[PDB]
Amino acid sequence: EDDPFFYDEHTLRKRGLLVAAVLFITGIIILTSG
Amino acid sequence: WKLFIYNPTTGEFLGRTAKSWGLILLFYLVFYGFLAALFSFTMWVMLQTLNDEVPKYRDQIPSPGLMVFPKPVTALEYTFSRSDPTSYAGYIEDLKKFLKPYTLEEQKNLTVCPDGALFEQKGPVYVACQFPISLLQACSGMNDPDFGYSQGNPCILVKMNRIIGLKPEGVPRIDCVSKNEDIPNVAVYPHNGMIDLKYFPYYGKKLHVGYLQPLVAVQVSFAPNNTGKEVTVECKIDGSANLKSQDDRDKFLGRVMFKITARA
Amino acid sequence: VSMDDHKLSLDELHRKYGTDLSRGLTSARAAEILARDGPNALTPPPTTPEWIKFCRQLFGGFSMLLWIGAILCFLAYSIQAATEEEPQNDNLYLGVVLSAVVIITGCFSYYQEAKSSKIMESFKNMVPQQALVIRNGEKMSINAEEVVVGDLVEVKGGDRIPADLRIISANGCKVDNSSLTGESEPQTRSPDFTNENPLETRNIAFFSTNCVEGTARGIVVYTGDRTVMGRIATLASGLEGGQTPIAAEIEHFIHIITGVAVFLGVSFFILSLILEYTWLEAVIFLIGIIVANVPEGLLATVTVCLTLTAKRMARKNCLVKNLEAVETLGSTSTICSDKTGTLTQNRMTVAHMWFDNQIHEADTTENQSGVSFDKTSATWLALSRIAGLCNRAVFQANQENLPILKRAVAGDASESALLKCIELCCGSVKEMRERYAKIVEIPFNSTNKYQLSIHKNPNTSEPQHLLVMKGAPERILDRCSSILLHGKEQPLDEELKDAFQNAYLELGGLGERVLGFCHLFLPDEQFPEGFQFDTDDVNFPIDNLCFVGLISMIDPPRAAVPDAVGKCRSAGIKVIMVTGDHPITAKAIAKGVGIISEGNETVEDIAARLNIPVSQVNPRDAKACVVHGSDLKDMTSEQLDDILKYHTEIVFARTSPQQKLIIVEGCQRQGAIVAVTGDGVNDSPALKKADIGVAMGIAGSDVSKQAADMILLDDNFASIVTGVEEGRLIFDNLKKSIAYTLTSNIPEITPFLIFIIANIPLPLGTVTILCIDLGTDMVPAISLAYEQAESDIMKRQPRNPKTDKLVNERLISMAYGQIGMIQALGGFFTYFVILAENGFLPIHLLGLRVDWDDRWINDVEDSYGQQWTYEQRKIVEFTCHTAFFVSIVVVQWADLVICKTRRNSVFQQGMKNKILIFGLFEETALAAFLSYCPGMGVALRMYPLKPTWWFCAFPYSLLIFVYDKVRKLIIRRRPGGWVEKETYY
Ligand SMILES: CCCCCCCC/C=C/CCCCCCCC(=O)OC[C@H](COP(=O)(O)OCC[N+](C)(C)C)OC(=O)CCCCCCC/C=C/CCCCCCCC
Ligand SMILES: CCCCCCCC/C=C/CCCCCCCC(=O)OC[C@H](COP(=O)(O)OCC[N+](C)(C)C)OC(=O)CCCCCCC/C=C/CCCCCCCC
Ligand SMILES: CCCCCCCC/C=C\CCCCCCCC(=O)O[C@H](COC(=O)CCCCCCC/C=C/CCCCCCCC)COP(=O)(O)OCC[N+](C)(C)C
Ligand SMILES: Nc1ncnc2c1ncn2[C@@H]1O[C@H](COP(=O)(O)OP(=O)(O)CP(=O)(O)O)[C@@H](O)[C@H]1O
Ligand SMILES: CC(C)CCC[C@@H](C)[C@H]1CC[C@H]2[C@@H]3CC=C4C[C@@H](O)CC[C@]4(C)[C@H]3CC[C@]12C
Ligand SMILES: CC(C)CCC[C@@H](C)[C@H]1CC[C@H]2[C@@H]3CC=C4C[C@@H](O)CC[C@]4(C)[C@H]3CC[C@]12C
Ligand code: NA
Ligand code: NA
């Protein structure tokens, strides 16, 4: 039974930060490509 | 700019008005027509996904906030004069307009419900319990057309904001305490705050037809000995654990504050 | 302080400096003086320290505007904290961001400029200033540092004067003293003391000047800062206020965009004050609008482009004095090139000899001797005597050990070839010149085109006056009245002249330089043994000589020249050959290198092909012309323009230094940007007059290199094409960056206009306005300066400066009316989606502005009946702001990807640009971090976006890519059509 007035914002922002880290790492790696 | 808009020669008004301007205007008309059509179609597709009875997300409006009625001219500050009927005419007119559906003849269709029990509904009928205006004793226009004004005892309606599908826990109650050293007496009229549970949940503007929300009427009594003065009153929800009233970022969430200033 | 040796006599010069006037000091004495007096170099003055330039970068351009914005944000935060309780930190976190952005951009620009300046400096010491000094009686070419006080040096045309020297023997020597006097009129130099004043005398040179023509032996009297230039504190290398056209265009665009942005900011500030804003909020809104509507980081793109060009020119050995002058090189539409030294290797080998009415094949063949031809009769001896006496070229010191062909000669190419040939056949030119006393010598010049000498005859039947002359065969034959055949002097009739013309056609037609020779025995009755020859007086019999023969030497065209000429003529650049050689030789060389193609005929060629006279042939039937230099003297300004605009393949033969200037000015009159390739002193004014002047790093003189805007350090003509390609690439990258930058202005100003007009809640806020601009418009726009050249970069016609500009009516139209509008639509769609999924349907938002923004109406009703508190609906509004920023990021992905190229497919372009991909990844990472970082809601009012709220701008991001792809496909399919007329920016 779902409950409104509540959103899993902790997991959402955790995964958003993980995606931001992945993008930052990939952009760094592509720039300094050997 | 010499010869800026000169008509003669092959060059007239910069680009050739006969051909260049017409062609570019046609191009931009077609371009913006296509853009508008695409935007309209995308908006239509977005609106098809939504439901017409309940919002998709209700996590940004988790708890109700109180609000007073009528709305004064300047920031919840009620200024009126007893001997000047034009000062409080706006408040009286607003209160009469708001309390018109609450009159006994207007809410004859609404059903009667037992007190103290949350009125949950499943079928598509979605009846609405009636809120008798007699609860707001001495703060309704049935006895006196002026809602306590012109006698130094103004009436203000404090009402909780509506949220679809909100089920308050415990027994909600609005308690108003005068911050003016309690020199006047603030009388919440439906006994205590006494927000009955039979008016919850709210099922939406479309499903819940004829819904009348609970009201709380406060009446600051300005004693004749002290004519004038300013009374600061704060009303908050005190009996329900569901309804938060301690948030500091939002000063209206679960509570409301106002000032009443009398004259003469 | 004015002390010199100008008035001092020649007798004391030997005593004072202890050096011989003719032989000069020895190597040991030179080494001792160098170790004692030090090198001949002025002390390098430190102009500005590193902290001066770094501050200039920090406070240059729009960075000062951003400093003002940050200071005002700090002031607003201070006032808010002093006035209210619980102040907002938006202003603090905005001022910090602005200051950090300014510092980072300034540091990056400083680093790029340091790299560029270091690379440019690494070339100033690359070219050694060579000076000719007579040491131990032999002339040697050394560096300018090793020149010491006491020795004698030779200064000639186009040679920069090494140091303060006292002239002891000058002939035809004229110096240019524009550095001191200010006038460009040459001043003659004579050993005799004339004027008392040290500066006004005519027997000394004051360093840092050059000799336009003539030669002079002079004793160096001062070295280093002891000269006149070292005494004064004025900067010798005084840069002039020359503004390149690209810099002018950039400055004009900056001025216009700044004016527009300031107007918009002031208008929005006033409008917000009308809409019941607060001053501390209205000023921040105005700052945000002004900063977001100016292209900050435009100067960083220019700096990156300049640094990349400096890096590329260093690998091609192309010294560039001003890196902003490469745009003109890419905009070049005409190239005027010299035949000898530029289109030819300048290595001359004697090939044929015409004499005795016969052509003889001459081959060097140090071993096995000649092929078939032999000593022959006395005509060959007379010709060898002429060549030996006329030449002023000698071998370098300590070089008479290796074979003559491999030996080095300190003279001109023709003189060196003649010297090697006459030492191969005859021998001991030193003893030959000892035998004949060279009393009088007339220096060679392009004005006269002949070299003359007077010698004393040592033979038994000696008239004591032999006049030897060499030069251009048609000019030489014009005065040599007789001809020497079989050793007997004979009259010159029409048949012999026709035979000479046929010989010139046969030898010259193969592409060989031909020199004619004459010797005359002056009568003793007219001239006794003691005669005072003077240049001003007629004296010697300049006319009525005796002809001997012609010597024709080959000079193969440079290997890389034909391909460079083909590339230039395929890129739309008209290549004109301006040479002082005969039309036959010039035309043969032009056909060899490809300047005159196969299938294009001259008027004379058509007449000869049809066996009809030169007249009666319509000149328009010929697209290639070979104009003689003497005919150009009588041509009119209108007549020259007909030549320069009707003929595709133009050669100018037998020209003069002034006529080259005439040709350059005519070409510049005919709306063309001219690049002149000159090396000698006879190209000094043409290089200055040309839009872009190119000198030669080896064959070029020391005045051509000082007057040119570009120096080919390996003389390679295949570097002009590289320079043109890089000049085109700079402009392409700059305009791509400008087009990408200008797209984001509409999405940042349309939300406020729609807010005012439709009374909807605000779609975009100041913090998000500055996040759109500082995140998506700086790094991705700097990344477009690294973009590679197009597939057909060198297959497009040169840009017309008037028709095609850096910012035109088609770039503005595109950026502000198509891409910007699509981006704004995407942002508005995302805003509507966010507001509708929470309860406020799009039609409920019309007119909600007054109630939405009211702090005391905490009951604003949904479309579903719910009622919202003020602090509850502002969370949704700020989530809409965040989504607007995130959707602008998404729609600016496929705007950078489409600005990556201008007319080719992105798949054809490729993904070599790592900076662009880095910029995309970093801007999306920054967007995600700003959205999902904890504490952004309190600080920057940024709230997390739900996963499905990222794809709202996807249909509008694909629309930009598809539209650009289809329009560029249409442009390629139908060139010159309506789309390319109106849409191609
Ligand atoms: C040539 C074409 C030009 C024209 C282009 C037109 C536009 C179309 C092009 C699309 C290609 C790029 C697509 C980018 C997608 C968005 C990237 C991004 O920023 O998305 C952020 C969101 C955040 O969602 P969340 O995590 O908060 O939701 C988790 C919550 N839950 C549990 C609740 C549901 O994520 C999402 O929506 C997506 C979910 C997946 C996110 C992780 C994957 C992205 C990482 C990629 C790096 C991989 C390495 C690549 C190296 C090689 C590169 C060539
Ligand atoms: C960049 C400069 C311009 C910026 C433009 C900003 C955006 C435009 C702003 C518009 C403000 C008003 C928007 C709302 C208008 C009424 C919308 C409406 O009433 O929606 C209803 C219809 C149909 O809904 P339904 O019955 O299916 O729902 C039933 C499904 N249930 C029951 C679940 C709900 O939805 C539809 O038709 C689609 C909605 C129609 C929206 C029209 C938008 C027109 C915009 C054109 C811009 C194009 C470029 C302009 C260039 C300007 C310079 C010359
Ligand atoms: C292909 C190229 C050639 C063709 C191009 C032209 C065709 C495509 C262009 C437009 C068609 C799609 C847009 C239809 C929207 C219908 C919305 C509607 O009809 O809303 C109507 C009402 O609106 C409004 O009050 C708002 C009006 C303003 C906002 C909408 C404005 C629409 C105008 C758009 C023109 C934009 C032009 C931009 C380019 C300019 C150069 C051409 C119907 O609402 P109601 O009475 O049911 O509300 C009842 C409300 N309650 C339920 C509360 C009682
Ligand atoms: N040392 C010398 N003495 C006499 N005549 C010479 C000479 N060197 C060259 N000439 C002749 O003088 C003529 C004038 O040539 P000039 O010196 O003006 O141009 P140039 O051929 O040396 C350089 P370019 O070929 O690139 O125009 C040439 O045709 C050449 O045959
Ligand atoms: C021209 C073509 C490409 C248009 C077709 C694509 C349309 C129909 C797609 C593309 C993007 C899509 C939207 C992307 C994100 C959201 C938010 C989500 O919470 C509800 C669905 C909604 C609103 C989608 C509806 C359908 C959508 C508008
Ligand atoms: C609706 C409000 C908020 C914003 C709308 C802006 C629109 C109408 C403006 C912004 C940019 C403008 C364009 C900018 C440049 C030019 C080039 C000129 O040669 C013809 C007009 C044209 C093509 C303009 C047409 C009108 C235009 C598209
Ligand atoms: Na910008
Ligand atoms: Na911008």
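Everything here concerns the structure above.
Residues numbered from 1 in each chain as written, not as in the entry; some residues may be left out. Chains lettered and ligands numbered in written order. Heavy atoms only, no water.

Let's talk about the overall build of chain C
The secondary structure content of chain C amounts to 35 helices and 27 strands. Taking the principal axes of its C-alpha atoms as reference, chain C extends roughly 130 × 75 × 50 Å. Expressed as a percentage of its 985 residues, the buried residues of chain C come to 55%. In chain C, the share of contacts with a sequence separation of at least 24, taken over all contacts with a separation of at least 6, comes to 71%. Roughly 42,300 Å² of accessible area belongs to chain C as shown, and the carbon and sulfur atoms make up 56% of that amount. Counting 91 positive and 115 negative side-chain charges, chain C places the centres of these two groups 3 Å from one another. (Helix = DSSP H or I, 4+ residues; strand = E, 2+ residues; numbered from the N terminus. Buried < 20%, exposed > 50% of the residue type's maximum accessible area, 1.4 Å probe, protein only. Contact = heavy atoms within 4.5 Å. Areas by Shrake-Rupley, 256 points an atom, 1.4 Å probe, with all protein chains shown as cover. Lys, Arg positive; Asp, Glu negative; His and termini not counted. Charge placed at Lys NZ, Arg CZ, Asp CG, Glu CD.)

Some words on the site of ligand 3
Surrounding ligand 3, one finds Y32, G33 and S40 of chain B together with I843 and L846 of chain C. Relative to its unbound accessible surface of 1,300 Å², ligand 3 loses 24% to contact with the protein. The residue makeup of the shell around ligand 3, split by class, is 3 nonpolar, 2 polar and no charged. (Near = heavy atom within 4 Å. Nonpolar A, V, L, I, M, F, W, Y, C, P; charged D, E, K, R; others polar.)

Brief notes about the site of ligand 1
Taken together, 15 residues surround ligand 1, and among them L12, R15 and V19 of chain A together with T924 and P947 of chain C come closest. With respect to ligand 1, its neighbouring residues span chains A and C. Between ligand 1 and the protein, one listed contact pairs a nitrogen atom with a side-chain N or O atom of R15 of chain A at 2.8 Å. Residue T924 of chain C places a side-chain N or O atom 3.4 Å away from an oxygen atom belonging to ligand 1. Coverage of ligand 1 by the protein amounts to 52% of the 1,300 Å² it exposes when considered alone. Breaking the shell around ligand 1 down by element, the ones donating at least two residues are helix 1 (9-31) of chain A together with helix 30 (870-899) and helix 32 (914-932) of chain C. (Polar contact = N/O pair within 3.5 Å; in protein donor to acceptor, adjacent residues only side chain to side chain.)

What about the coordination of the sodium ion (ligand 8)?
All names here are of chain C. For the sodium ion (ligand 8), the protein coordination sphere consists of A292 (O), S744 (OG), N745 (OD1) and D777 (OD), at 2.6 to 3.1 Å. Read in sequence order, the donor residues for the sodium ion (ligand 8) give the motif A-x451-S-N-x31-D. Between the two metal centres, the sodium ion (ligand 8) and the sodium ion (ligand 7), the spacing is 3.8 Å. Of this pair, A292 sits in helix 8 (residues 279-292) while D777 is found in the loop between helix 26 (766-776) and helix 27 (779-782), placing the two residues 485 residues apart along the sequence. For the pair formed by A292 and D777, the shared burial category is buried. (Donors = N, O, S within 2.8 Å, 3.2 Å for Na, K, Ca; no water.)

Digging into the environment of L784 of chain C
Residue and element names in this part refer to chain C. Relative to the helices and strands, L784 resides in the loop between helix 27 and helix 28 (809-838). Each C-alpha atom, one on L784 and one on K900, is 6.9 Å from the other, the two residues being 116 residues apart in sequence. Beyond its immediate sequence surroundings of up to four residues, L784 is in contact with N733, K736, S737, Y740, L896, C899, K900 and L916.

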